[PDB]
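A short write-up of the structure that comes next.
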Amino acid sequence: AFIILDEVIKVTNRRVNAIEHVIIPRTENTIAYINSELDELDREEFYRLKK
Amino acid sequence: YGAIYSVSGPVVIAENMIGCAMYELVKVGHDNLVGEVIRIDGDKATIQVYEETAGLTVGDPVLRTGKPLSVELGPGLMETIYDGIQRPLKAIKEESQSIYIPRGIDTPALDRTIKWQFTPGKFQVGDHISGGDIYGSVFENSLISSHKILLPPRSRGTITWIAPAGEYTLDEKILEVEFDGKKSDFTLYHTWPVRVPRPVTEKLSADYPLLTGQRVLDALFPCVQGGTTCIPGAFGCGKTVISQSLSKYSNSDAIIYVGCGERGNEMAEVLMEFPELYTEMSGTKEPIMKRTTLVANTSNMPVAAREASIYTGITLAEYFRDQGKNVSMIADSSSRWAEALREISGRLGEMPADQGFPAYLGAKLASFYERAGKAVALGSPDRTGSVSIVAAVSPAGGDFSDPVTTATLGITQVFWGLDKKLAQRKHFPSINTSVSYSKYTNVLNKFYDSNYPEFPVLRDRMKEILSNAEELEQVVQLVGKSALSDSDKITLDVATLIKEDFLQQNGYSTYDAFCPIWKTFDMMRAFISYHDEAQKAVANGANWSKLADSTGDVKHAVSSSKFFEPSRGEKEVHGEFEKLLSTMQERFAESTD
Amino acid sequence: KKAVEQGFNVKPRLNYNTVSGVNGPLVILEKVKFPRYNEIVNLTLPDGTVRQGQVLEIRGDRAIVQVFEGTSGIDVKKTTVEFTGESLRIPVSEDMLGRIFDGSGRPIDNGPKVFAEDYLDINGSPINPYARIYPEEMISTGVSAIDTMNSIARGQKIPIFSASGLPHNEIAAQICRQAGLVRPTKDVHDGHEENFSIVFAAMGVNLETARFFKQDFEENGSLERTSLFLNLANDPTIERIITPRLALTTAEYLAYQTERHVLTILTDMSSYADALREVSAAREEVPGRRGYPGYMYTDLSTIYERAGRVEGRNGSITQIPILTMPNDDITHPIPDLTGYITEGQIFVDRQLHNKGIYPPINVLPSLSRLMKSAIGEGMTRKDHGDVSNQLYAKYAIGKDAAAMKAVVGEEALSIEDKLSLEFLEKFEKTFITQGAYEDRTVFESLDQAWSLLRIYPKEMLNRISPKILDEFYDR
Amino acid sequence: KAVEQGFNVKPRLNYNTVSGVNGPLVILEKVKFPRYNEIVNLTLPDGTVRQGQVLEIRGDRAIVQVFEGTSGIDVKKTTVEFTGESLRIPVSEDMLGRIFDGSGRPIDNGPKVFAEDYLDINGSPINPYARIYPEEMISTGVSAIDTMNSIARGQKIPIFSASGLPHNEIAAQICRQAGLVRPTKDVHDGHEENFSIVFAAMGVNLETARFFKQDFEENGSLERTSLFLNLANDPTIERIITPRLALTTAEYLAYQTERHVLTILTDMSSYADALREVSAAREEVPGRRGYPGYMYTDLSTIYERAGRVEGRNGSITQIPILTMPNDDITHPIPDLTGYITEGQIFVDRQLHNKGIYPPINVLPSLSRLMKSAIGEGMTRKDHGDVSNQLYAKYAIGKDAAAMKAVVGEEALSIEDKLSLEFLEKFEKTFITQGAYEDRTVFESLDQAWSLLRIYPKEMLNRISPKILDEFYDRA
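Chains as they are written, first to last, in the entry's author numbering: chain M, 155 to 205; chain C, 24 to 616; chain B, 13 to 487; chain D, 14 to 488.
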């Protein structure tokens with residue numbers, strides 16, 4: 155049980171501190187940076203078209 | 024009349040076009056290219072040319088026909104290959120021996136040299152005749168034995184002369200009606216605008232199942248004769264197997280294939296198997312081509328032809344629905360149609376809605392899809408037809424985020440979604456059970472109660488088992504199979520057995536090319552019986568590992584139930600399935616003690 | 013005096029053949045005389061067919077008319093446009109109930125015209141905030157998942173979040189079929205002084221399911237309380253824009269002039285949003301977030317806020333918008349804005365739907381923000397709130413215990429978890445699982461919930477008040 | 014027949030009426046009846062002559078994209094001469110063994126092409142009824158292509174790659190060891206069996222142009238190839254016609270001289286960049302990422318010039334190479350290429366980083382007509398089953414590797430451990446191949462079977478029991 159609990163707690167701590175704390179910044183990058191920039195470039199191009 | 028003022032790609036602006044109307048076909052250039060008016064700005068009309076626009080000069084004539092983009096409907100429509108504008112490819116190749124399509128070729132869509140055996144209908148001289156009335160019949164194929172000649176919709180009058188029985192070419196006068204002083208002559212064929220759906224007296228509720236033959240479709244997500252369906256465009260999936268299955272085994276009296284946005288070689292595909300596929304439901308080995316007309320539209324053809332491919336195909340399907348024939352339309356990729364719409368809107372300088380697609384994308388897919396349902400055909404005699412629209416969608420990036428699928432999902436009652444986890448593991452037909460759906464399950468309860476009373480119950484049982492095991496698998500993949508109860512292990516094993524031996528279908532095997540609905544129902548019975556007996560036995564203390572090892576024989580029997588030849592007949596196959604069920608019950612009763 | 017209409021006046025209409033251009037779904041006119049911005053006009057095609065059009069733009073002597081049912085067949089030479097001089101007023105009467113209208117206000121039940129009591133203008137003025145009063149009584153639905161645990165008050169605006177293929181249309185049909193007032197009384201709610209009504213609006217609804225709504229309402233007797241507003245997917249887009257406005261104008265008329273309690277089901281709000289985006293891009297506006305124009309929070313607000321109960325009128329409007337989440341996410345603009353404007357939401361879950369549970373209402377995410385105002389002693393039963401709370405708590409515990417069932421094993425769970433697995437089983441497949449035609453009153457649903465809660469012991473039914481618990485659980 | 018009617022001299026209008034210069038575009042005034050797709054020759058003040066193409070006409074206004082760039086063009090003194098015809102490339106079978114510029118001019122110190130006909134650029138479309146389905150697999154020698162994602166004579170299959178990856182090496186290898194599994198073998202020299210090559214370089218650096226030239230030198234394939242080298246220092250707008258020149262000459266040889274042409278179009282991304290530049294100069298409606306909305310139609314007009322035809326025993330096999338700008342297949346260039354081409358060969362950065370050559374990634378790569386070029390009469394009867402099994406096991410290996418990265422090796426099942434072992438032996442022995450190692454499809458199939466023999470026969474579920482029983486024990 156000590157071995158199993160150590161492995162399980164290590165996995166849980168890894169998920170809390172590295173896995174989730176890297177997936178969340180990756181998702182934040184993806185949406186907030188790149189999807190917003192692509193939408194912004196579409197906005198600028200379509201606004202130039204309208205002009 | 025008019026003269027070109029501007030050319031930039033397929034878009035042509037012609038001046039002195041003060042009389043032109045919206046979506047009216049015009050003859051652009053000295054070659055008389057086919058094009059339709061898209062915008063009007065006074066005397067200037069924007070025209071999208073349906074053929075190659077190179078070589079057009081400012082000032083050459085543009086004569087306006089006065090008719091919108093129409094499709095010729097009549098005998099000779101069957102067994103024929105067409106493009107989006109319905110130019111007969113075979114007739115084009117015989118008229119001009121060139122391997123290419125000549126620019127401005129104007130061969131009639133339906134052959135004018137074939138003499139059809141015309142049998143006059145009920146109506147006689149002096150009888151008032153209305154749109155959709157069958158005033159005669161024509162023997163077209165050995166399979167389409169009675170091609171009924173309908174009076175064109177939006178046309179009526181008192182019959183003054185009806186031709187007697189005999190052989191008539193497509194251009195000879197058949198019926199001469201008198202409306203109010205204006206007198207019209209009618210022939211074997213008539214033209215109908217591809218944009219306007221063909222009217223019917225009443226749209227019924229599509230309540231009879233369209234048997235595709237794939238077990239996952241006909242079992243979990245069934246479609247009906249007259250329904251609307253979305254399929255992924257990935258090959259190996261239903262994109263290539265379900266089309267052949269519907270054309271070869273389904274109860275459709277006709278098939279309309281619309282290959283818009285098709286690749287060049289994948290077009291040459293469907294032009295060689297279709298002439299070499301045969302039917303058995305007619306009582307004789309007859310080619311499907313007698314039931315089928317193709318609208319071939321490669322990707323290098325003009326974008327406007329790509330857009331018009333779907334419309335001409337659905338108009339042909341409507342025309343054959345108006346004769347009381349259940350006709351299935353297969354659209355190769357409505358995503359390519361959507362891209363054609365996007366390109367046209369780009370050339371027109373319209374503001375796009377999302378990811379560049381035109382704002383009216385959903386409206387156009389709706390106006391196309393709702394031309395499907397079961398209907399009571401216009402005019403007399405009373406008759407009923409349907410148009411089962413079976414339209415495939417090629418996903419973008421492998422997700423449903425693309426606007427085409429999002430707009431499609433708001434219209435189609437049946438959506439057979441794709442699962443790349445199944446596609447990558449080569450588990451065909453690879454339909455995503457979690458997200459695929461069919462709103463025709465409730466309508467089909469009437470059919471099931473008459474034929475297979477427990478079919479909805481077993482379908483719901485299988486869906487429940489698959490969902491429960493899916494959540495169990497997503498838990499296991501992080502935790503493992505150690506801590507699961509025996510019942511959870513049975514759920515997982517039964518769902519794996521289902522996915523591998525009921526949902527999975529070869530399609531290229533004689534025993535499982537077309538799984539009949541009775542065989543599918545019996546297989547659902549067998550699999551649900553396996554799950555039920557396993558759960559009942561484990562509830563009585565039996566260890567799951569020992570029970571599995573002692574019942575591997577009946578597990579293999581359930582697995583190999585799919586290997587039964589459907590050609591052996593419903594009686595024999597059902598008897599053998601009953602034998603399998605009795606064997607399973609006996610074996611589980613033995614091993615539970 | 014009612015005889016103040018002064019409608020006997022005759023207003024001649026000008027018809028112009030001076031069409032200057034055609035651009036997609038809109039027609040430009042070159043010499044209009046004093047055009048009105050939102051005026052409805054009639055186009056006479058050269059073939060003789062007549063089409064309606066709504067003016068979209070008015071420049072100096074120039075009016076841009078956006079045409080219903082497309083623009084095909086229009087030429088700049090022969091077509092004529094007749095200017096009505098008024099916006100899309102709709103005919104309203106106390107006997108619009110039992111009538112099925114197109115999305116343009118034209119009846120489609122083969123009946124006669126509305127025979128208006130008044131031609132109430134569409135998209136009417138906003139309710140004065142000083143006139144609003146807080147919702148105070150429960151509107152029943154016959155669905156246990158909604159009645160017991162997500163109770164809807166009489167002025168609440170609560171959407172039903174869903175997705176493509178989920179049975180949200182059948183849930184809407186069931187609600188329209190079984191909705192009503194809760195409290196038993198000496199006189200029935202079908203009278204002339206305590207009456208109830210339903211306005212059902214379908215936008216972009218498929219022809220199959222539109223026929224389903226029509227047949228379902230005409231056969232189950234709910235039609236006499238229902239004014240149905242069908243709009244097919246192939247119907248005009250401007251018609252889709254005006255359909256919820258027609259429904260809410262009728263609901264406003266009934267509730268605030270006839271003094272009825274009106275429930276408004278606006279099914280397929282996402283299809284309305286798609287139509288709104290199409291209309292926005294028709295005016296060369298540049299699309300906002302996710303292609304949807306950036307101003308629809310205002311338009312959704314105008315649709316939603318036409319609800320609630322008011323000071324001087326005994327009537328009320330309750331709205332149940334139904335929107336399909338595209339790709340099943342809340343971050344999408346439509347569910348996000350609806351959550352901004354509406355009180356709470358009902359969730360239809362795909363996971364529950366695949367298990368065969370109907371209605372597949374996932375109650376853990378679904379919330380009625382002002383449920384507490386719909387429940388009480390004179391409002392349903394004194395145990396409604398704490399029974400709902402206990403059901404939510406035990407259902408969440410059951411879901412967590414189902415997670416641990418495959419991780420620590422069944423026997424390693426606590427006694428509460430062993431009870432919670434079977435409570436969740438009985439809950440989902442007996443209480444949430446309700447037949448499409450099973451009408452459960454709020455008290456029947458409450459005592460079914462009690463029968464589900466009678467398996468637990470006294471000690472850890474801790475979220476029920478000890479007075480109610482000691483009066484209901486122990487017998 | 015020998016009718017030519019070429020002896021018809023047509024005098025040419027030349028215009029001093031240049032109106033303006035906008036990037037690659039030159040706009041002309043006062044033009045007498047301009048042809049839409051006409052080719053013009055505008056002479057700069059310094060005396061040099063540059064060739065352009067009319068791109069849009071409006072009455073007397075013509076818009077011309079100068080292929081050699083617009084540097085030095087002067088409104089006062091530049092004279093543009095109107096040919097009255099579209100672009101036509103002089104074609105003859107002795108184009109083989111010649112190196113051409115991106116505009117068709119020879120750059121091998123040789124003379125101009127002694128034309129037998131002036132075939133139109135972007136020639137007329139092939140009637141689909143006259144096409145023949147390509148079902149003759151060619152053994153490219155790459156086990157990552159031969160076994161799975163195989164190519165037939167006529168398939169349009171591109172190589173998807175990125176910056177710094179050895180796509181040029183893969184294409185050179187395929188050109189080096191292309192050949193049928195079951196050739197006709199009716200001649201002692203294979204003159205009808207050796208593939209003719211048409212290599213079109215579009216804005217590509219001199220190092221790899223020299224690489225391809227030297228590779229064709231070393232294998233004697235220069236006398237069977239025609240090179241259209243448009244380097245990076247060469248003008249950008251000239252990259253638009255280079256693929257069309259290459260495809261027109263390929264059509265000449267394949268459909269008129271009955272040759273089997275293997276067309277290679279490297280950096281389709283550079284061609285799409287040139288299209289984007291031209292569209293941006295045109296102030297057009299931009300599609301995704303700024304690329305023109307019609308880029309699908311242009312890419313299709315390029316690619317679809319392949320396949321076989323009914324009466325002529327030639328073929329065109331396209332292997333375009335496009336550099337995915339940021340390793341993303343969802344970019345507009347590869348995405349639109351995928352919808353036109355039959356599958357693709359995917360060159361993975363990850364596999365390249367591990368030293369695997371060729372770094373062909375199995376999972377994204379595809380051949381949309383492999384299923385008909387393999388079987389009993391062609392290649393071997395285990396081909397389809399072993400290909401499907403290898404693909405499935407590779408996908409399972411990737412998933413198991415992800416899990417092992419997350420939850421370690423020990424927590425994996427025997428399925429996953431066998432999957433990792435198969436994946437590593439696969440990527441290091443089967444996918445990994447010499448730059449000059451010509452593996453016949455049968456050798457690759459034997460290697461695939463030796464690889465699959467890692468798995469027990471019971472769990473090779475994607476192989477039919479007949480094929481499994483017949484081949485598994487043949488060690």
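A virtual CB, placed ideally from N, CA and C, is assigned to each residue, including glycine.
Applying a beta-carbon distance threshold of less than 7 angstroms, which residues of chain M neighbour residue i?
i	result
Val298(D)	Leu203
With 8 angstroms set as the bound, which would you pick, yes or no: does the beta-carbon of residue i sit closer than that to a beta-carbon of chain C?
i	result
residue 2(D)	The question about residue 2(D) has no answer here: the residues shown for chain D are numbered 14 through 488.
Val104(B)	no
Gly123(D)	no
Strictly below 7 angstroms CB to CB, what residues from chain D border residue i?
i	result
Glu199(M)	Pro299, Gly303
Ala319(C)	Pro141
Going along chain C, which residues have a C-beta under 8 angstroms from residue i?
i	result
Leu382(D)	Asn288, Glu289, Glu292
So, are the CB atoms of residue i and residue j less than 8 angstroms apart?
i	j	result
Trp439(C)	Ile513(C)	no
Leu349(B)	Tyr307(B)	no
residue 21(C)	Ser461(C)	Residue 21(C) falls outside the range modelled here, since chain C spans only 24 to 616, and no answer is possible.
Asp511(C)	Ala415(B)	no
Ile172(C)	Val200(C)	no
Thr615(C)	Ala560(C)	yes
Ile369(D)	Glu440(D)	yes
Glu47(C)	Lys90(C)	yes
Quick one: is residue i near chain B, going by C-beta distance under 8 angstroms?
i	result
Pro131(C)	no
Closer than 9 angstroms by beta-carbon distance: list the chain M residues that pair up with residue i, in chain order.
i	result
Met374(C)	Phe200, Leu203, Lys204
Show which residues of chain B have a CB atom less than 9 angstroms away from the CB atom of residue i.
i	result
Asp442(C)	Chain B residues near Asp442(C): none, gap ~14 angstroms exceeds 9 angstroms.
Report the neighbours of residue i on chain D: residues whose CB is nearer than 8 angstroms to its CB, in chain order.
i	result
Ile122(C)	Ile139, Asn140, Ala143, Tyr268, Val322, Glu323, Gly324, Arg325
I'd like to know whether the C-beta of residue i is nearer than 8 angstroms to at least one C-beta of chain D.
i	result
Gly503(C)	yes
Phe380(C)	no
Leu79(C)	yes
Under 9 angstroms between beta-carbons, which chain C residues line up against residue i? List them in chain order, please.
i	result
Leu244(B)	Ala389, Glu393
Using a cut-off of 7 angstroms between C-beta atoms, extract the partners of residue i located in chain C.
i	result
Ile334(B)	Per Cβ cutoff of 7 angstroms: no residues; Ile334(B) is ~13 angstroms from chain C at best.
Exercise. Are three or more beta carbon pairs between the stretch 232-242 of chain D and the stretch 356-363 of chain D nearer than 8 angstroms?
Worked result: No, they do not touch.
Exercise. If we count Cβ pairs, one from each stretch, closer than 8 angstroms, do we get three or more for the stretch 377-389 of chain D versus the stretch 150-170 of chain D?
Worked result: By the criterion of at least three beta-carbon pairs nearer than 8 angstroms, the stretch 377-389 of chain D is in contact with the stretch 150-170 of chain D.
Exercise. When the Cβ atoms of the stretch 54-63 of chain D are set against those of the stretch 70-84 of chain C, are three or more pairs found closer than 8 angstroms?
Worked result: Between the stretch 54-63 of chain D and the stretch 70-84 of chain C, the count of Cβ pairs shorter than 8 angstroms is below three; the stretches do not touch.
Problem set entry | Residue ranges of each alpha helix (DSSP H) within the stretch 428-489 of chain C, 4 or longer | Segments of the alpha helix (DSSP H) lying fully in the stretch 428-489 of chain C: 443-447, 468-474.
Exercise. Do the stretch 583-603 of chain C and the stretch 89-101 of chain B meet, that is, are 3 or more Cβ pairs less than 8 angstroms apart?
Worked result: They do not touch, by the three-pair rule.
For this session: Would you check if there are 3 or more beta carbon pairs closer than 8 angstroms linking the stretch 103-115 of chain C to the stretch 147-157 of chain C?
Result: Counting C-beta pairs closer than 8 angstroms gives fewer than three between the stretch 103-115 of chain C and the stretch 147-157 of chain C, which falls short of the contact rule.
Problem set entry | the stretch 189-209 of chain D in contact with the stretch 417-436 of chain D per 3-pair CB rule at 8 angstroms | Between the stretch 189-209 of chain D and the stretch 417-436 of chain D there are fewer than three C-beta pairs closer than 8 angstroms, too few to call the two in contact.
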